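Visitor: Sharing run_36.txt below, compact mmCIF, C-alpha atoms and all ligand atoms:
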```
# COMPACT_ATOMS: atom_id res chain seq x y z
CA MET Z 1 0.00 0.00 0.00
CA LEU Z 2 1.50 3.51 -0.80
CA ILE Z 3 0.66 6.08 1.88
CA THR Z 4 0.90 9.74 0.87
CA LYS Z 5 -1.10 11.36 3.64
CA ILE Z 6 -2.07 10.82 7.29
CA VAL Z 7 -5.70 10.26 7.76
CA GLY Z 8 -6.28 10.59 11.53
CA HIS Z 9 -5.15 10.17 15.11
CA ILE Z 10 -5.49 6.76 16.80
CA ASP Z 11 -6.76 8.11 20.18
CA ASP Z 12 -9.86 9.46 18.23
CA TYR Z 13 -10.91 5.84 17.59
CA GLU Z 14 -11.14 4.78 21.20
CA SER Z 15 -14.80 3.59 20.78
CA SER Z 16 -14.41 2.39 17.24
CA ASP Z 17 -15.07 -1.22 16.59
CA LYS Z 18 -12.27 -1.31 14.02
CA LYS Z 19 -9.36 -3.55 14.71
CA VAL Z 20 -5.82 -1.91 14.81
CA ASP Z 21 -3.00 -3.43 12.68
CA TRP Z 22 0.05 -1.65 14.25
CA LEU Z 23 2.89 -0.48 12.05
CA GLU Z 24 5.80 -0.53 14.52
CA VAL Z 25 8.66 1.89 13.76
CA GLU Z 26 12.04 2.90 15.21
CA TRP Z 27 12.55 6.03 17.23
CA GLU Z 28 14.56 7.33 14.22
CA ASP Z 29 11.44 6.97 12.08
CA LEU Z 30 9.51 9.68 13.94
CA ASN Z 31 9.18 12.81 11.86
CA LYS Z 32 10.43 11.06 8.62
CA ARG Z 33 8.54 11.65 5.33
CA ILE Z 34 9.64 8.38 3.58
CA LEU Z 35 9.54 4.94 5.16
CA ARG Z 36 9.11 1.33 3.99
CA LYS Z 37 8.00 -1.23 6.50
CA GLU Z 38 5.64 -4.16 7.18
CA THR Z 39 2.79 -4.05 9.69
CA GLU Z 40 2.24 -6.65 12.53
CA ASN Z 41 -0.23 -8.33 10.15
CA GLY Z 42 2.17 -8.48 7.17
CA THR Z 43 0.87 -5.54 5.10
CA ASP Z 44 3.74 -3.91 3.17
CA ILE Z 45 3.60 -0.06 3.77
CA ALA Z 46 5.49 2.52 1.58
CA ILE Z 47 5.12 5.94 3.13
CA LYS Z 48 5.91 8.81 0.75
CA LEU Z 49 4.38 11.79 2.38
CA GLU Z 50 3.04 14.26 -0.11
CA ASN Z 51 2.88 17.20 2.34
CA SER Z 52 6.07 18.64 3.72
CA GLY Z 53 4.20 16.41 6.27
CA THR Z 54 6.03 14.05 8.64
CA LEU Z 55 5.18 10.90 10.64
CA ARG Z 56 4.12 11.04 14.25
CA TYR Z 57 3.40 8.55 17.01
CA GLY Z 58 -0.20 7.48 16.86
CA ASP Z 59 -0.88 8.66 13.27
CA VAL Z 60 -3.44 6.55 11.36
CA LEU Z 61 -2.27 5.62 7.85
CA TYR Z 62 -5.29 3.74 6.53
CA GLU Z 63 -8.88 3.22 7.55
CA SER Z 64 -11.09 0.53 5.98
CA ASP Z 65 -14.58 -0.59 7.02
CA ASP Z 66 -13.09 -2.84 9.65
CA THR Z 67 -9.31 -2.12 10.08
CA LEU Z 68 -7.03 0.82 11.06
CA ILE Z 69 -3.30 0.86 10.36
CA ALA Z 70 -1.64 3.14 12.96
CA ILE Z 71 1.98 3.96 13.95
CA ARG Z 72 3.69 3.34 17.27
CA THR Z 73 7.32 2.98 18.20
CA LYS Z 74 8.69 -0.31 19.37
CA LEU Z 75 8.73 -1.14 23.16
CA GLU Z 76 12.40 -1.10 24.07
CA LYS Z 77 14.76 -1.29 27.00
CA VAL Z 78 15.81 2.09 28.45
CA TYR Z 79 17.77 3.73 31.26
CA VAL Z 80 15.97 6.60 33.07
CA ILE Z 81 18.84 8.73 34.42
CA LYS Z 82 17.83 10.70 37.57
CA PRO Z 83 20.29 13.44 38.44
CA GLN Z 84 19.77 14.93 41.83
CA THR Z 85 21.47 18.33 41.36
CA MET Z 86 21.87 20.87 38.57
CA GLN Z 87 25.60 20.05 38.30
CA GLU Z 88 24.70 16.36 37.94
CA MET Z 89 22.13 17.00 35.16
CA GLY Z 90 24.72 19.16 33.41
CA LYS Z 91 27.69 16.86 33.50
CA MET Z 92 25.57 13.88 32.54
CA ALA Z 93 23.85 15.57 29.59
CA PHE Z 94 27.15 17.07 28.47
CA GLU Z 95 28.79 13.64 28.34
CA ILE Z 96 25.77 12.23 26.44
CA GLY Z 97 25.92 15.20 23.94
CA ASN Z 98 29.68 14.80 23.55
CA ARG Z 99 29.19 11.12 22.66
CA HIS Z 100 26.41 12.07 20.15
CA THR Z 101 24.02 9.69 21.89
CA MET Z 102 20.26 10.17 21.34
CA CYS Z 103 18.30 11.07 24.44
CA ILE Z 104 15.18 12.85 25.68
CA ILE Z 105 15.44 15.30 28.47
CA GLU Z 106 12.26 16.13 30.32
CA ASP Z 107 12.27 17.92 33.63
CA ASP Z 108 14.84 16.25 35.91
CA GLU Z 109 15.41 13.05 33.86
CA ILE Z 110 17.28 11.92 30.81
CA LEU Z 111 15.94 9.02 28.84
CA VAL Z 112 18.37 6.90 26.74
CA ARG Z 113 18.42 3.45 25.00
CA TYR Z 114 19.73 0.64 27.18
CA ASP Z 115 23.41 0.30 26.36
CA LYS Z 116 26.09 -1.29 28.54
CA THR Z 117 28.98 0.85 27.25
CA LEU Z 118 27.06 4.00 28.35
CA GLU Z 119 26.22 2.50 31.74
CA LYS Z 120 29.97 2.70 32.43
CA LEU Z 121 29.97 6.46 31.63
CA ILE Z 122 26.84 7.02 33.82
CA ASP Z 123 28.99 5.52 36.62
CA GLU Z 124 31.97 7.77 36.00
CA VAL Z 125 29.65 10.77 36.26
CA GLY Z 126 28.08 9.08 39.29
CA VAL Z 127 24.31 9.57 38.73
CA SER Z 128 21.54 7.21 39.86
CA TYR Z 129 19.55 5.57 37.07
CA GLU Z 130 16.89 2.91 36.75
CA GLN Z 131 16.40 0.47 33.94
CA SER Z 132 12.93 0.21 32.30
CA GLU Z 133 10.88 -0.09 29.00
CA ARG Z 134 9.39 2.69 26.87
CA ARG Z 135 8.06 3.37 23.44
CA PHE Z 136 9.82 6.59 22.40
CA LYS Z 137 7.09 9.09 21.62
CA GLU Z 138 9.04 12.17 20.52
CA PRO Z 139 11.45 12.55 17.62
CA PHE Z 140 15.15 13.11 17.83
CA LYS Z 141 16.09 15.59 16.26
CA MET U 1 64.25 30.67 37.23
CA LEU U 2 63.68 26.91 36.73
CA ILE U 3 60.69 25.30 38.48
CA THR U 4 60.81 21.50 38.85
CA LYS U 5 58.36 21.08 41.73
CA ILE U 6 55.39 22.91 43.18
CA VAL U 7 56.01 24.29 46.62
CA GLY U 8 52.52 25.07 47.86
CA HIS U 9 48.86 25.96 47.32
CA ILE U 10 48.08 29.75 47.12
CA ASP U 11 44.81 29.50 49.16
CA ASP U 12 46.85 28.25 52.19
CA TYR U 13 48.57 31.72 52.37
CA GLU U 14 45.58 33.79 53.42
CA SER U 15 47.32 35.13 56.60
CA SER U 16 50.63 35.95 54.89
CA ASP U 17 51.99 39.46 54.31
CA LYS U 18 53.85 38.36 51.14
CA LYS U 19 53.00 39.81 47.75
CA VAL U 20 51.71 37.47 45.07
CA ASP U 21 53.26 37.71 41.69
CA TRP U 22 50.96 35.92 39.42
CA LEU U 23 52.06 33.80 36.56
CA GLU U 24 49.02 34.02 34.22
CA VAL U 25 48.58 31.11 31.82
CA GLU U 26 46.06 29.96 29.33
CA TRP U 27 43.21 27.54 30.11
CA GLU U 28 44.93 24.99 27.85
CA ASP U 29 48.18 25.37 29.96
CA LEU U 30 46.62 23.64 32.94
CA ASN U 31 47.89 20.12 33.37
CA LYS U 32 50.94 20.91 31.19
CA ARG U 33 54.38 19.81 32.53
CA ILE U 34 56.49 22.32 30.58
CA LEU U 35 55.84 26.03 30.02
CA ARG U 36 57.91 29.21 29.95
CA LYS U 37 56.34 32.59 30.45
CA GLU U 38 56.89 35.83 32.41
CA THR U 39 54.99 36.72 35.59
CA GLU U 40 52.88 39.88 35.80
CA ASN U 41 55.91 41.52 37.46
CA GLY U 42 58.34 40.50 34.61
CA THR U 43 60.08 37.43 36.20
CA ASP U 44 60.88 34.80 33.63
CA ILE U 45 59.58 31.33 34.75
CA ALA U 46 60.73 28.10 33.17
CA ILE U 47 58.48 25.21 34.32
CA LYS U 48 59.79 21.70 33.68
CA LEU U 49 58.08 19.56 36.23
CA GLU U 50 60.25 16.62 37.33
CA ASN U 51 58.38 13.38 37.76
CA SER U 52 55.11 13.34 35.86
CA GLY U 53 54.07 16.50 37.81
CA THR U 54 51.38 18.72 36.16
CA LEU U 55 50.40 22.36 36.73
CA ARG U 56 47.20 23.41 38.42
CA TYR U 57 45.47 26.62 39.08
CA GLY U 58 46.73 27.94 42.41
CA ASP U 59 50.08 26.09 42.47
CA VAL U 60 52.81 28.15 44.29
CA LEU U 61 55.95 27.86 42.16
CA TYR U 62 58.30 29.98 44.32
CA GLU U 63 58.32 31.60 47.77
CA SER U 64 60.93 34.22 48.91
CA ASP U 65 60.95 36.23 52.14
CA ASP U 66 58.59 38.81 50.55
CA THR U 67 57.00 37.10 47.48
CA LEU U 68 54.86 34.12 46.23
CA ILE U 69 54.80 33.33 42.56
CA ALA U 70 51.51 31.43 41.89
CA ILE U 71 49.64 30.18 38.75
CA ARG U 72 46.24 31.54 37.69
CA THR U 73 44.66 31.48 34.27
CA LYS U 74 44.02 34.76 32.42
CA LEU U 75 40.78 36.72 32.86
CA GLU U 76 38.93 36.43 29.67
CA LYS U 77 35.60 37.14 27.98
CA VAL U 78 32.98 34.47 28.80
CA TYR U 79 29.30 33.75 28.76
CA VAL U 80 27.97 32.69 32.10
CA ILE U 81 24.86 30.51 31.28
CA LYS U 82 22.41 30.43 34.14
CA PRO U 83 19.80 27.67 33.52
CA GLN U 84 16.82 28.14 35.91
CA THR U 85 15.37 24.54 35.69
CA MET U 86 16.86 21.05 35.58
CA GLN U 87 15.40 20.73 32.08
CA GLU U 88 17.21 23.97 31.04
CA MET U 89 20.53 22.73 32.50
CA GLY U 90 20.21 19.38 30.70
CA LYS U 91 19.19 20.65 27.26
CA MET U 92 21.84 23.43 27.30
CA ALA U 93 24.65 21.06 28.39
CA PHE U 94 23.59 18.51 25.80
CA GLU U 95 23.80 21.08 23.06
CA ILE U 96 27.29 22.36 24.21
CA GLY U 97 28.59 18.72 24.48
CA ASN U 98 27.10 17.92 21.01
CA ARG U 99 29.10 20.85 19.45
CA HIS U 100 32.25 19.82 21.43
CA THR U 101 32.52 23.30 23.02
CA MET U 102 34.96 23.40 25.97
CA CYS U 103 33.13 24.38 29.17
CA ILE U 104 33.10 24.19 32.93
CA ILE U 105 29.96 23.13 34.58
CA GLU U 106 29.87 24.13 38.28
CA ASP U 107 26.77 23.84 40.41
CA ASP U 108 24.00 25.60 38.43
CA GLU U 109 26.15 27.38 35.81
CA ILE U 110 27.85 26.65 32.52
CA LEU U 111 30.95 28.80 31.73
CA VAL U 112 32.16 29.06 28.09
CA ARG U 113 34.43 31.34 26.06
CA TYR U 114 32.82 34.42 24.51
CA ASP U 115 31.88 33.33 21.03
CA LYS U 116 29.21 35.21 19.10
CA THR U 117 28.12 32.17 17.09
CA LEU U 118 26.86 30.58 20.33
CA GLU U 119 24.20 33.14 21.00
CA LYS U 120 21.97 31.58 18.33
CA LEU U 121 22.23 28.23 20.17
CA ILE U 122 21.71 29.65 23.68
CA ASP U 123 18.69 31.56 22.41
CA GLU U 124 17.38 28.35 20.68
CA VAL U 125 17.46 26.40 24.02
CA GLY U 126 16.04 29.43 25.85
CA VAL U 127 18.47 30.00 28.69
CA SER U 128 19.51 33.17 30.50
CA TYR U 129 23.09 34.15 30.26
CA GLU U 130 25.33 37.05 30.94
CA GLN U 131 28.50 38.15 29.20
CA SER U 132 31.34 38.72 31.65
CA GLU U 133 35.07 38.12 32.42
CA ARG U 134 36.18 35.00 34.37
CA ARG U 135 39.24 32.81 34.74
CA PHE U 136 38.83 29.15 33.85
CA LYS U 137 39.93 27.19 36.93
CA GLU U 138 39.92 23.50 35.87
CA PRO U 139 41.57 21.79 32.97
CA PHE U 140 39.31 20.67 30.17
CA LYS U 141 39.67 16.95 30.20
NI NI Z 201 31.56 14.88 17.04
ZN ZN Z 202 -6.88 12.99 18.49
```
Turn the structure described in the file into structure tokens.
Guide:
Amino acid sequence: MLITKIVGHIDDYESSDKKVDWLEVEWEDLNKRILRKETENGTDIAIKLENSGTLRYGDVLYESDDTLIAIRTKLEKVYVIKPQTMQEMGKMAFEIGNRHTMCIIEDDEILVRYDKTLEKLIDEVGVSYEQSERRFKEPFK
Amino acid sequence: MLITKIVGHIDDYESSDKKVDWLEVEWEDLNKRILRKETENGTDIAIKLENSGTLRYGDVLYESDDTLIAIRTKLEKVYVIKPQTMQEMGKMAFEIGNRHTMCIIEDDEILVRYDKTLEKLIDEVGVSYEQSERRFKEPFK
């Protein structure tokens, strides 16, 4: 199926009886215009967005009488880094920046992909972190 | 005069009546082992530290009956970036690290060299800053 435009937002279908076939994408895929990937049900999707438009989490790509195809990012292992002080947030984020590692910084936390080599740097900086799962919902960037 | 060992720490001399003759160095001179420069009073200093020694801010190189020669870095034009939230500290430090800009992060402040091209970036993150004159006191590792 070639997809040239986004046709809705998956939250708007909360009471719909239509079944969702999820197209699961990488964090990198957020805000792309061109993407080729297969859905959880095996439907081949070629996204070639005709607007200067770009993909977001929870966009609906296709609506039939009974089915919705909608985007979400994959559920993946993360570290939630929890600096306690401003100096801590600064040194940690600097070292992440310097490494060119993708992250999301919201309030007093830094979210990064699980990675054992980075875990060793988190320890040099000396910040507490917790390991968890998330679907990345915002583009980087 | 040849210096092959450091003889003290300038902060320990608070009570002293001796005059300090500062040897002013560049930020990049810290942790060097060899350097030759004149003091603010015109004394030629030839540092060649003996056994893997390295220079630090505040090192006393020479003490006479009336004088202390000590290292400090030059006063130079800086931005002092004054992030008001954890989120501000983390975003700003990430962006500095990502560009590989030398900085010192101490408590709630990021100190960088005066550099007009950075104002666009600081503005983009949205963080208060003031332009000022400071000495950089730690080597950039
Ligand atoms: Ni680089
Ligand atoms: Zn909606």
Visitor: I'd like the interatomic distance between CA of residue 35 (chain U) and CA of residue 59 (chain U), to a tenth of an Å.
Guide: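 Distance between the two atoms: 13.7 Å.
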Visitor: Please determine the contact residues of chain Z with respect to chain U at a cut-off of 6 Å, counting only C-alpha atoms, and supply them as a ChimeraX atom specification.
Guide: /Z:86-87,89-90,93-94,97-98,100,106-108
Visitor: Could you fit chain Z onto chain U by least squares over every C-alpha atom, paired in order, and give me the moved chain as an mmCIF file with C-alpha atoms, in the frame of the given file?
Guide:
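Output (part.cif):
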```
data_model
loop_
_atom_site.group_PDB
_atom_site.id
_atom_site.type_symbol
_atom_site.label_atom_id
_atom_site.label_comp_id
_atom_site.auth_asym_id
_atom_site.auth_seq_id
_atom_site.Cartn_x
_atom_site.Cartn_y
_atom_site.Cartn_z
ATOM 1 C CA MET Z 1 63.965 30.167 36.035
ATOM 2 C CA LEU Z 2 63.276 26.369 35.483
ATOM 3 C CA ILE Z 3 60.526 25.058 37.766
ATOM 4 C CA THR Z 4 60.439 21.299 38.350
ATOM 5 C CA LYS Z 5 58.259 21.123 41.435
ATOM 6 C CA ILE Z 6 55.456 23.029 43.185
ATOM 7 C CA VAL Z 7 56.472 24.418 46.464
ATOM 8 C CA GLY Z 8 53.204 25.484 48.151
ATOM 9 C CA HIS Z 9 49.682 26.841 48.001
ATOM 10 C CA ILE Z 10 49.130 30.615 47.773
ATOM 11 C CA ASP Z 11 46.207 30.747 50.283
ATOM 12 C CA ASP Z 12 48.736 29.465 52.965
ATOM 13 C CA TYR Z 13 50.588 32.796 52.668
ATOM 14 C CA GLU Z 14 47.685 35.022 53.578
ATOM 15 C CA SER Z 15 49.669 36.702 56.447
ATOM 16 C CA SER Z 16 53.013 36.552 54.740
ATOM 17 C CA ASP Z 17 54.732 39.794 54.087
ATOM 18 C CA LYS Z 18 56.065 38.468 50.783
ATOM 19 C CA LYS Z 19 54.959 40.188 47.656
ATOM 20 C CA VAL Z 20 53.194 38.011 44.941
ATOM 21 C CA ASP Z 21 54.479 38.146 41.317
ATOM 22 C CA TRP Z 22 51.532 36.426 39.504
ATOM 23 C CA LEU Z 23 52.205 34.054 36.641
ATOM 24 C CA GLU Z 24 48.952 34.348 34.664
ATOM 25 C CA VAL Z 25 48.011 31.299 32.559
ATOM 26 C CA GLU Z 26 45.245 30.184 30.182
ATOM 27 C CA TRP Z 27 42.466 27.870 31.214
ATOM 28 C CA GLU Z 28 44.132 25.272 28.920
ATOM 29 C CA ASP Z 29 47.265 25.507 31.059
ATOM 30 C CA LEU Z 30 45.608 24.009 34.147
ATOM 31 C CA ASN Z 31 46.821 20.495 34.793
ATOM 32 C CA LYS Z 32 49.724 20.783 32.223
ATOM 33 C CA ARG Z 33 53.215 19.516 33.198
ATOM 34 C CA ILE Z 34 55.209 21.731 30.731
ATOM 35 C CA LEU Z 35 54.678 25.448 30.245
ATOM 36 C CA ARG Z 36 56.782 28.472 29.237
ATOM 37 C CA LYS Z 37 55.557 31.887 30.195
ATOM 38 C CA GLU Z 38 56.518 35.281 31.670
ATOM 39 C CA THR Z 39 55.252 36.579 35.009
ATOM 40 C CA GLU Z 40 53.539 40.030 35.537
ATOM 41 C CA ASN Z 41 56.983 41.274 36.623
ATOM 42 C CA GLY Z 42 58.843 39.946 33.551
ATOM 43 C CA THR Z 43 60.441 36.802 35.029
ATOM 44 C CA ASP Z 44 60.745 34.090 32.351
ATOM 45 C CA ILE Z 45 59.298 30.768 33.791
ATOM 46 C CA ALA Z 46 59.951 27.287 32.217
ATOM 47 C CA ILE Z 47 57.839 24.723 34.006
ATOM 48 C CA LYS Z 48 58.985 21.128 33.468
ATOM 49 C CA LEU Z 49 57.325 19.225 36.207
ATOM 50 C CA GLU Z 50 59.432 16.383 37.464
ATOM 51 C CA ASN Z 51 56.553 14.520 39.171
ATOM 52 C CA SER Z 52 53.811 13.023 37.075
ATOM 53 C CA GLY Z 53 52.740 16.297 38.836
ATOM 54 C CA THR Z 54 50.538 18.901 37.132
ATOM 55 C CA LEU Z 55 49.825 22.640 37.534
ATOM 56 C CA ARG Z 56 46.921 23.922 39.557
ATOM 57 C CA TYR Z 57 45.313 27.280 40.251
ATOM 58 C CA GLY Z 58 47.003 28.927 43.176
ATOM 59 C CA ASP Z 59 50.184 26.777 43.138
ATOM 60 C CA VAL Z 60 53.344 28.592 44.311
ATOM 61 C CA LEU Z 61 56.316 28.049 41.981
ATOM 62 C CA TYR Z 62 59.052 29.939 43.808
ATOM 63 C CA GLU Z 63 59.549 31.467 47.217
ATOM 64 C CA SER Z 64 62.422 33.860 47.993
ATOM 65 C CA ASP Z 65 63.013 35.928 51.138
ATOM 66 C CA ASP Z 66 60.672 38.585 49.849
ATOM 67 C CA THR Z 67 58.753 37.318 46.734
ATOM 68 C CA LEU Z 68 56.324 34.484 45.802
ATOM 69 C CA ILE Z 69 55.609 33.477 42.213
ATOM 70 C CA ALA Z 70 52.108 31.913 42.106
ATOM 71 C CA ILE Z 71 49.717 30.773 39.324
ATOM 72 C CA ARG Z 72 46.271 32.113 38.512
ATOM 73 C CA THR Z 73 44.223 32.038 35.354
ATOM 74 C CA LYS Z 74 43.498 35.190 33.455
ATOM 75 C CA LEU Z 75 40.278 37.210 34.237
ATOM 76 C CA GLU Z 76 38.136 36.752 31.156
ATOM 77 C CA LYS Z 77 34.701 37.437 29.769
ATOM 78 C CA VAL Z 78 32.180 34.597 30.222
ATOM 79 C CA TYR Z 79 28.541 33.634 29.709
ATOM 80 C CA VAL Z 80 26.843 31.946 32.713
ATOM 81 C CA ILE Z 81 24.072 29.866 31.106
ATOM 82 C CA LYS Z 82 21.108 29.298 33.497
ATOM 83 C CA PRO Z 83 18.764 26.576 32.310
ATOM 84 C CA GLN Z 84 15.528 26.434 34.180
ATOM 85 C CA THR Z 85 14.498 22.807 33.506
ATOM 86 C CA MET Z 86 16.234 19.457 33.111
ATOM 87 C CA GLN Z 87 15.346 19.387 29.388
ATOM 88 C CA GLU Z 88 16.909 22.847 29.012
ATOM 89 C CA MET Z 89 20.172 21.838 30.767
ATOM 90 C CA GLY Z 90 20.283 18.752 28.553
ATOM 91 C CA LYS Z 91 19.711 20.316 25.185
ATOM 92 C CA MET Z 92 22.074 23.162 25.965
ATOM 93 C CA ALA Z 93 24.925 20.961 27.207
ATOM 94 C CA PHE Z 94 24.379 18.554 24.326
ATOM 95 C CA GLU Z 95 24.761 21.349 21.775
ATOM 96 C CA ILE Z 96 27.903 22.612 23.578
ATOM 97 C CA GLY Z 97 29.361 19.011 23.621
ATOM 98 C CA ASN Z 98 28.466 18.508 19.961
ATOM 99 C CA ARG Z 99 30.357 21.701 19.065
ATOM 100 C CA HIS Z 100 33.375 20.538 21.179
ATOM 101 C CA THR Z 101 33.256 23.784 23.142
ATOM 102 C CA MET Z 102 34.978 23.900 26.562
ATOM 103 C CA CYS Z 103 32.666 24.490 29.489
ATOM 104 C CA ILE Z 104 32.224 23.878 33.213
ATOM 105 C CA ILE Z 105 29.011 22.497 34.487
ATOM 106 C CA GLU Z 106 28.278 22.976 38.156
ATOM 107 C CA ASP Z 107 24.851 22.426 39.608
ATOM 108 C CA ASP Z 108 22.293 24.218 37.408
ATOM 109 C CA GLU Z 109 24.730 26.373 35.361
ATOM 110 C CA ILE Z 110 27.086 26.030 32.462
ATOM 111 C CA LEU Z 111 30.060 28.312 32.270
ATOM 112 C CA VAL Z 112 31.607 29.087 28.833
ATOM 113 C CA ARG Z 113 34.013 31.678 27.274
ATOM 114 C CA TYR Z 114 32.280 34.737 25.857
ATOM 115 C CA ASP Z 115 31.785 34.051 22.167
ATOM 116 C CA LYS Z 116 29.259 35.714 19.862
ATOM 117 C CA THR Z 117 28.853 32.741 17.497
ATOM 118 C CA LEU Z 118 27.768 30.582 20.494
ATOM 119 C CA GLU Z 119 25.390 33.260 21.767
ATOM 120 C CA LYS Z 120 23.377 32.565 18.598
ATOM 121 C CA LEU Z 121 23.162 28.832 19.490
ATOM 122 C CA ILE Z 122 22.173 29.663 23.128
ATOM 123 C CA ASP Z 123 19.256 31.554 21.508
ATOM 124 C CA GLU Z 124 18.188 28.685 19.282
ATOM 125 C CA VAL Z 125 18.038 26.464 22.363
ATOM 126 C CA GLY Z 126 16.293 29.341 24.145
ATOM 127 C CA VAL Z 127 18.025 29.447 27.574
ATOM 128 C CA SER Z 128 18.587 32.546 29.719
ATOM 129 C CA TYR Z 129 22.218 33.522 30.264
ATOM 130 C CA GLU Z 130 24.119 36.393 31.812
ATOM 131 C CA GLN Z 131 27.430 37.803 30.745
ATOM 132 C CA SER Z 132 30.213 38.181 33.374
ATOM 133 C CA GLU Z 133 33.992 37.763 34.228
ATOM 134 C CA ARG Z 134 35.751 34.785 35.815
ATOM 135 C CA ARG Z 135 39.145 33.278 36.267
ATOM 136 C CA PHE Z 136 38.651 29.615 35.324
ATOM 137 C CA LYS Z 137 39.709 27.589 38.339
ATOM 138 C CA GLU Z 138 39.235 23.998 37.165
ATOM 139 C CA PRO Z 139 40.888 22.206 34.263
ATOM 140 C CA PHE Z 140 39.236 21.029 31.112
ATOM 141 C CA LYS Z 141 39.696 18.034 30.549
#
```
Visitor: In Å to one decimal, how far is CA of residue 6 (chain Z) from CA of residue 44 (chain Z)?
Guide: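 It comes out at 16.4 Å.
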Visitor: Counting all atoms listed in the file, name the residues that have an atom within 8 Å of an atom of ligand ZN 202 (chain Z); the answer should be given as a PDB file with C-alpha atoms, keeping the file's coordinate frame.
Guide:
```pdb
ATOM      1  CA  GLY Z   8      -6.280  10.590  11.530  1.00  0.00           C
ATOM      2  CA  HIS Z   9      -5.150  10.170  15.110  1.00  0.00           C
ATOM      3  CA  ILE Z  10      -5.490   6.760  16.800  1.00  0.00           C
ATOM      4  CA  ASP Z  11      -6.760   8.110  20.180  1.00  0.00           C
ATOM      5  CA  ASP Z  12      -9.860   9.460  18.230  1.00  0.00           C
TER       6      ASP Z  12
END
```
Visitor: Using all atoms listed in the file, determine which residues lie at most 6 Å from region 122-137 of chain Z, disregarding the query and same-chain residues fewer than 6 positions distant; provide the list as a compact mmCIF listing (two decimals) with C-alpha atoms, in the coordinates of the input.
Guide:
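out_4.txt, written as the output of this step:
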```
# COMPACT_ATOMS: atom_id res chain seq x y z
CA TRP Z 27 12.55 6.03 17.23
CA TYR Z 57 3.40 8.55 17.01
CA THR Z 73 7.32 2.98 18.20
CA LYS Z 74 8.69 -0.31 19.37
CA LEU Z 75 8.73 -1.14 23.16
CA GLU Z 76 12.40 -1.10 24.07
CA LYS Z 77 14.76 -1.29 27.00
CA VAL Z 78 15.81 2.09 28.45
CA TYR Z 79 17.77 3.73 31.26
CA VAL Z 80 15.97 6.60 33.07
CA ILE Z 81 18.84 8.73 34.42
CA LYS Z 82 17.83 10.70 37.57
CA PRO Z 83 20.29 13.44 38.44
```
Visitor: Give the answer as one residue: which of U:24, U:13, U:69, U:30 has the shortest atom-to-atom distance to residue 139 (chain U), using only C-alpha atoms?
Guide: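 The answer is U:30, which sits nearest to residue 139 (chain U).
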Visitor: Any idea what the distance is between CA of residue 53 (chain U) and CA of residue 138 (chain U)?
Guide: 15.9 Å
Visitor: List every protein, DNA or RNA residue with an atom no more than 10 Å from (59.5, 19.9, 45.3) in the file's coordinates, counting all atoms listed in the file, and format the result as a ChimeraX atom specification.
Guide: /U:3-8,49-50,53,61
Visitor: Filtering to C-alpha atoms, could you give me those residues as an mmCIF file, in the frame of the given file?
Guide:
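The file below, result-v7.cif, is the result:
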```cif
data_model
loop_
_atom_site.group_PDB
_atom_site.id
_atom_site.type_symbol
_atom_site.label_atom_id
_atom_site.label_comp_id
_atom_site.auth_asym_id
_atom_site.auth_seq_id
_atom_site.Cartn_x
_atom_site.Cartn_y
_atom_site.Cartn_z
ATOM 1 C CA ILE U 3 60.690 25.300 38.480
ATOM 2 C CA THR U 4 60.810 21.500 38.850
ATOM 3 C CA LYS U 5 58.360 21.080 41.730
ATOM 4 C CA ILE U 6 55.390 22.910 43.180
ATOM 5 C CA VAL U 7 56.010 24.290 46.620
ATOM 6 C CA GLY U 8 52.520 25.070 47.860
ATOM 7 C CA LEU U 49 58.080 19.560 36.230
ATOM 8 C CA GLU U 50 60.250 16.620 37.330
ATOM 9 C CA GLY U 53 54.070 16.500 37.810
ATOM 10 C CA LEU U 61 55.950 27.860 42.160
#
```
Visitor: List the neighbours of residue 42 (chain U) out to 10 Å using all atoms listed in the file; skip same-chain residues closer than 2 positions along the sequence, and give me the result as a list in words.
Guide: residues 21, 22, 23, 37, 38, 39, 40, 44 and 45 of chain U
Visitor: Measuring between only C-alpha atoms, which one of Z:26, Z:140, Z:52, Z:19 shows the shortest distance to residue 72 (chain Z)?
Guide: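 Closest residue, counting only C-alpha atoms: Z:26.
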Visitor: Go through U:33, U:112, U:141, U:25 one by one, measure the shortest atom-to-atom distance of each to residue 71 (chain U) using all atoms listed in the file, and give the residue with the smallest value.
Guide: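 Of U:33, U:112, U:141, U:25, the one nearest residue 71 (chain U) is U:25, counting all atoms listed in the file.
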Visitor: Return the padded bounding box of region 78-88 of chain Z as JSON: axis-aligned, built from all atoms listed in the file, 3 Å added on each side, with centre and edge lengths in Å to one decimal.
Guide:
```
{"center_x": 20.7, "center_y": 11.5, "center_z": 35.1, "size_x": 15.8, "size_y": 24.8, "size_z": 19.4}
```
